[PDB]
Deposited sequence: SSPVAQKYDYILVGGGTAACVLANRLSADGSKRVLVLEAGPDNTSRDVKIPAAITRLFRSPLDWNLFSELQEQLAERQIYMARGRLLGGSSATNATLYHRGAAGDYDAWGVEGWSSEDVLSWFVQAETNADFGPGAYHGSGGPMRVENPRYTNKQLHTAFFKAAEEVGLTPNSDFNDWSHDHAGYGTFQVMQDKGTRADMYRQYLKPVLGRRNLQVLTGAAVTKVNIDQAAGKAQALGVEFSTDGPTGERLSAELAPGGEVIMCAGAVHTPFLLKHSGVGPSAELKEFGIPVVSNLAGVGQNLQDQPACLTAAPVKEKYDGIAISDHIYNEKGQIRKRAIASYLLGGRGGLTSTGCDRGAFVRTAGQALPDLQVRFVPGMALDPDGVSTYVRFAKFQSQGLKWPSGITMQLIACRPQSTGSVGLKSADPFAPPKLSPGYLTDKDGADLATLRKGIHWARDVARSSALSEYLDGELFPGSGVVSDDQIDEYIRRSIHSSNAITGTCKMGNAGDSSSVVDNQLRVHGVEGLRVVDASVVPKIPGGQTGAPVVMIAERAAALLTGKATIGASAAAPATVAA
């Protein structure tokens, strides 16, 4: 009904992080008809705009509410795996931290055309930075807005920095400057515009909505790609979910389908489309267009655990929870005024924007990311704590003052999978994060050494001044066996998820796309999202996805060549 009569040069499956970038670059010259299909609604929510309202986004209608399969190795628990469900996708629901990782992360891809020297300028072109001048590592002209966080906890942020220096860490003035080592302590920059969320909807798609050769459908769930025995013809979708009519939209001669449904839903949709392992497709009676081993394999996420400590009685009131909520759980008028008049104060904060990269054991690159939060976790699951913080509003209770240190295996060795639980394309995918399954127990050792590290930092003179005991893991958790048991019971996502449609050199039977992002053995089918990342970079994965979408858009419009 909506694309009746219509042929498109490009159908983008999903309207997420990468899709918003592609929709912008691909529609620019006005020749090409571009369609964007997004399952979630328009990006209008105030909870999306205000960084601190990330607390309200978890387990909300603007999240996919995905749960993993039972993880035997994680005390037989299902892991919640947050994913944005709206225009902008996960860029609209994330912690806004701006990380590229290290030169070494891209060199390690071993994929011709995509070394550190090849990707750097695509990061720089996307960027306008408020706090770093233009040069080799920072741009001043790009659509992304990156700034230093506009909230500082004078007492606790300074205490954390002094504590890190006391335990022998060096400051890192810029975690995205590849001229110096990744390791050290400091401040993470944020994808904000004076304390407003600068998601890829706001920065790339919203400004070009008026273009006549660009059509964006929201509430548009793609059930499958249409492929012909092979060549993409287009895609099928519903605009009323499962009980809705099954509309179809068609390509123009030489017109491509571009998978931008992310590292969870891209592998899922390919499998529903006959692209994936024959074994798995055969199981639900799905015809096999291209037998690809890699589809849904090599799922990389950075797992997390945390320590948390209350402050002494004399420091009650200095935590970010005290800057946002009064003693009765009502949002402080001071916080609201500072935000709306100045783009300042606790509402500009996603909480976790100071920390460190640490080598726990002389690795080439840091294995441990620390995220310091000047607020106290009341659940050992950091994501659960954020949900509970949102539900805490107007309960007539005071959130206790304290700190949290979240410990992240940021270059993990463990891998997981996405597959099918049924043939119903509206049923949740079969999601297994595979945390702590690497054969050497390297990821478990990272997090265990991380807890030891967080305890040393808390015991430092700088932080001992402020702190009064330890809540999590607590007194009782002393031995490595007890720490390991705590980690298994409490381990949560730091919300990355890459690698499920991995790119490779010619003659790599594990890769799903070439160094030009084309699905192996299909014509007019590309993947441009986090799925293509072969080896996860150290740090949060939003910036690298935009670099890939920027490069992909240049490839497609003939502005650049790869290899």
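- According to the record, the deposited residues with no C-alpha atom in the structure span 230 to 233, 568 to 578.
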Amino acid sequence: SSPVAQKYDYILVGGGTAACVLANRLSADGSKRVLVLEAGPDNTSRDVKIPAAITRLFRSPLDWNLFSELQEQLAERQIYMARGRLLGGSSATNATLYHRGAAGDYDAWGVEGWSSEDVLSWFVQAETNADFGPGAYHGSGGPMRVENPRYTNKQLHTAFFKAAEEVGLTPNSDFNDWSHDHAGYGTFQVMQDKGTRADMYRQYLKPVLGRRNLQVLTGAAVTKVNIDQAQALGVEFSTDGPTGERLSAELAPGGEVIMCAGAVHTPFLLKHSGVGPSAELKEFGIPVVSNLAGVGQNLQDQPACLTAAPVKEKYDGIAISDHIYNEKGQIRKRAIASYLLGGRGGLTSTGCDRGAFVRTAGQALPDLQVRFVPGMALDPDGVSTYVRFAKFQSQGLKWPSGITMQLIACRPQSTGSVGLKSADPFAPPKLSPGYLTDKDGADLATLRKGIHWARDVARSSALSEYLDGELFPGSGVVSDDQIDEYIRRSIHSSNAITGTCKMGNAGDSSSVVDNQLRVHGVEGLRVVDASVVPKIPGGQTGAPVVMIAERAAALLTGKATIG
From here on, numbers count along this sequence of modelled residues.
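We call the rigid core whatever largest set of C-alpha positions still superposes within 1.5 Å between the two forms.
- Annotation: of the segments 243 to 251 and 399 to 407, 243 to 251 departs further from this form in 5 other deposited structures of this protein (C-alpha atoms, root mean square over structures and residues, core superposition).
- Using the rigid core as the fitting frame, the root mean square C-alpha deviation in 5 other deposited structures of this protein is greater for 506 to 514 than for the other of 58 to 66 and 506 to 514.
- The PDB entry reports B-factors from which the mean C-alpha value can be compared for 252 to 260 and 152 to 160; the larger average falls on 252 to 260.
- In this entry, 210 to 218 shows the higher mean Cα temperature factor of the pair 484 to 492 and 210 to 218.
- For the set 182, 333, 371, 202, the PDB entry assigns the largest Cα B-factor to 333.
- Taking only the listed residues 168, 287, 416, 142, the entry reports the highest CA temperature factor at 287.
- In the deposited entry, the Cα temperature factor of residue 522 sits in the top third of values across the chain's modelled residues.
- In the deposited entry, the Cα temperature factor of residue 437 places it in the middle third of its chain's modelled residues.
- Sort the modelled residues of the chain by CA B factor and residue 55 lands in the lowest third.
- In the PDB entry, residue 474 places in the middle third of its chain by CA B-factor.
- Per the PDB record, residue ranking by Cα B-factor puts residue 466 in the middle third of the chain.
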